[PDB]
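Next up: a single chain in structure tokens, the form deposited in one PDB entry.
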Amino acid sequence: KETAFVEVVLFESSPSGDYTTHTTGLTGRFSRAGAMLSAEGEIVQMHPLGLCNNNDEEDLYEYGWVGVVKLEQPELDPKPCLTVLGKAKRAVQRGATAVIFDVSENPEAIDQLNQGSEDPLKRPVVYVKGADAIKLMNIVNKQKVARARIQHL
């Protein structure tokens, strides 16, 4: 597990057309379920039950996005439609340039993710926890939009 430098980027436009941007850094780790590649894209929150095969024609999202998934304590859903891998893989199938798992509730996932070395996806898969997780989620719940930039150094 190499360390994932995740820079969440808030931005303003102004009447003159220009942008100012500032940067929260968080830290996570890349899993073996996905590449050691940096990624960057618009952040989109994916609910956990909202990455499954079962939905036939799910909602459409612009390609090039960043999944952020808040996993819970595993007994809150004991019969999940997929594994963490299956969701990471779905996301990527549906254009995620990368996925950020907030595993705060379920440290178990880290293990599940690196066991999926057999299929390691095109795109990177980051796990984050702790205060670093808090920041991300609050950015999500408060901010209108934002931009994630995941770095592998």
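In this text, rigid core is short for the largest set of C-alphas that superpose within 1.5 Å between two forms. So that there is no doubt, residue numbering starts at 1 and follows the sequence shown.
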Is the larger C-alpha RMS shift in 7 other deposited structures of this protein, relative to this form with the rigid core superposed, found in 64 to 72 or in 113 to 121? 113 to 121
Between 20 to 28 and 125 to 133, which one strays more from this form in 7 other deposited structures of this protein if you match the rigid core and compare Cα atoms? 20 to 28
Per the record, averaged over C-alpha atoms, which has the higher B-factor: 45 to 53 or 64 to 72? 45 to 53
Pick between 84 to 92 and 108 to 116: the one whose mean CA B-factor in the entry is higher. 108 to 116
Given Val126, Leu26, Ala39, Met36, the residue at which the Cα B factor reaches its maximum: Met36
Among the chain's modelled residues, which third holds the C-alpha B-factor of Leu153? highest
